[PDB]
Structures are given as structure tokens and as C-alpha cells.
């Protein structure tokens, strides 16, 4: 009745650590009944490492909590693949990233931001890189009582905002802001540990003489930003200047040097000179320019918006029994974004074709089994499936 096919398939990235570990559930379907092997995505199946990686039974692969010295990347940092084979052929579950992590002494800091009296400011905390993948700001705090809770950009008209990305965006800064500390507070997506920051940053108001001019730090002059659909985000324009600058957001028209001012609304709001947006629609992608200006000078910052969607792969049809030397209607239905390239293969073996519809005009005996599209990309991947019954 059935060739193979995936019911319980492993959501791509899967992370964990010593002091908790993990194990990975892949079970397949068919009506002989698909034998789940676990392999590296490089063809070869996985063995058994005493004290860490070990082939369980009940549709999974267990990574024991491990002595912090039993970490070895060959095990704890690899791409695995549920192999799903029967007598009609085999299929490979999409890239599943094992990432065991040694819990280690982390802590975020809150620096001083140095500001020209009257300008706005954006404080990040910082979260060292190694944990940065699983430690994210969830609060801010005054030395004077106040809390600044994250949001999906609910309110807009006000001195304080926590950006979608967890920085605290002060709309303007009087000197009356230099007596008061701020600490940030991440939380661990794995352990669950809420913890404050080793230090707390003070605001340094610097009163200006006469005038100054707007300019920007190199790592603020060229920004790249990725967000997912229907989620909220913000575009930044980090400039200072006395007197205070005017920020002008324009979107470019695709593949031109002509541009088009960013219209503001209930969806698109600017707390100058930052853009803050909800419902991250897919047209939103593209390139943006922020143009900042005062009586003394000007400046600008390009920014590249890449809104992303949940991509997919499915063939058309999932089962085609042919006739001995026929066509091959092997299209694949879709939605999602971005695709960095779709792939093809048959029975655990990569073939070579890399386009929408697969077709081998003259069928064969060794030309039947399971064929799968692979809609990859840089930070993810989805998969499809098709079997070739015969006449």
C-alpha cells in the first residue's frame, strides 16, 4: 500500500546540554513498516558512543547528560538524519542539528551610553557570543524603581521603548538622566535561569558647544536585518548631532537608485530616527535608506530587510506508478522564503537534478523508489517525498 513517508519528523535545530541532555524522536510510516536508522546526513549511519550518543529503541536517539569533559564535537555538534527505509526504497529526514552545550559561567553587561544632551539613545546588553544563541533580554530596571518590559511594540509615543530586539530605546536624553542606573536581565532558553547583569550602565549627558553635525559609527552605517513574517521588528538609524537631526526613511525601488519615502501608519511608526514595525509582511523585504540632516551637516545609513517565511517542499504526486519508459510528472507545491536552493535525490542517494519538476524520460528497473526535493537555505531546511511504483 505505502512506500515510506514521514509522520513524526524532527524539527530542524534541537538544542540542549549537560545537566539535561536530550534524545531525538523519528518514527516513520508505511505498510510494510519503515526501519528507522539514524545516520549523519553524509550517508553514513551513526554508531554508539559509551557515555553520550547511543541508539535507543522507541523511535529516538539519546544524548545522556554528560560530564563537561565528555563533550566531543564529533558527537555533540553534528547533523543527524533519520533514515527511513523499507523494501520499496529509503527516505532521509531533513537536517537535524544536535547541539549539546556545556553550561558555563555567563553574565551580561549594561554599559554607559555617552550622549549629546537632547539626542536619543539605544542600549543593548550584551550577552557574550557563546551563550548569545540562548540568552536573550527579558527586562530592564532603574536604580529608582522602574521596569521596562519587552513587548511586540504595543505603545510607541513615549520616551522609553524596548525594541523587538531587546534594546532599550530612550527617545531623548536630558542631563537629568545622568543620576540613575540601568541593568538588563536576560533569561536562558534552556536552563531557565533568569539573571541580571554583572554591571549596570549610567547615562552620560554631554552638553554641546555651538553645534555639531551628525555622524555614525561604521558598524551602524550598514545594517542587515532578518525577521519572520507577522512578527515585529525595527529599523535603526544611529545618529547624533547638535542641534538635533531629522531622520528620513525611504525604501528603494527594486534594482534602481531611485527611492521612495517610507510612509508612516498604525503599522509603521518612527520614533526618530528609528523605524518600528509590526505584522512583518513579505513585501517589507528590501533595502532602506535613512537620511539624517542638520544645519551643520548630513549623513545616511543603508539597511537590508529580509523578512522570512516557513518554507516547504511537497512533490506532485507523492506516488506515481508508471509504464515502462514513460514521462515523469514530479513538480513540487510550495510557500516559504527564502530558498537558497532546492535539491533532489532517490533512496538515500543524491542524484544531481536541481529544479522544480523531476523527469527521466525513459524509465528503468533501477529507476524506481523514493524521490525527494530538499528546499534548503542557510539557517534551516524543509523536505518533500515521492515514490515510484511500477506496472
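Numbering follows the first chain given and starts at 1.
A.B. asks: Comparing 285-293 with 211-219, which has the greater mean CA B-factor as deposited?
C.D. replies: Result: 211-219.
A.B. asks: Please compare 132-140 with 148-156 and name the stretch with the higher mean C-alpha B-factor in the deposited structure.
C.D. replies: Per the PDB entry, the higher value belongs to 148-156.
A.B. asks: Name the residue from 193, 109, 74, 254 with the greatest C-alpha temperature factor listed in the entry.
C.D. replies: Spelled out: the listed residue with the top C-alpha B-factor is 74.
A.B. asks: Checking the record values for 348, 338, 65, 50, which has the greatest CA B factor?
C.D. replies: By C-alpha B-factor in the record, 348 ranks first.
A.B. asks: Looking at the entry's B-factor column for C-alpha atoms only, identify whether residue 179 ranks in the lowest, middle or highest third of its chain.
C.D. replies: Middle third, going by the recorded CA B-factors of the chain.
A.B. asks: Among the chain's modelled residues, which third holds the C-alpha B-factor of residue 224?
C.D. replies: Middle third by C-alpha B-factor.
A.B. asks: Can you work out whether the C-alpha temperature factor of residue 201 puts it in the lowest, middle or highest third of the chain?
C.D. replies: Within its chain, residue 201 is a middle-third residue by C-alpha B-factor, going by the deposited values.
A.B. asks: How does residue 97 rank on Cα B-factor within its chain, lowest, middle or highest third?
C.D. replies: It belongs to the highest third of the chain when residues are ordered by C-alpha B-factor.
A.B. asks: Report the third (lowest, middle or highest) to which the CA temperature factor of residue 80 belongs, ranking only the modelled residues of the same chain.
C.D. replies: It belongs to the middle third of the chain when residues are ordered by C-alpha B-factor.
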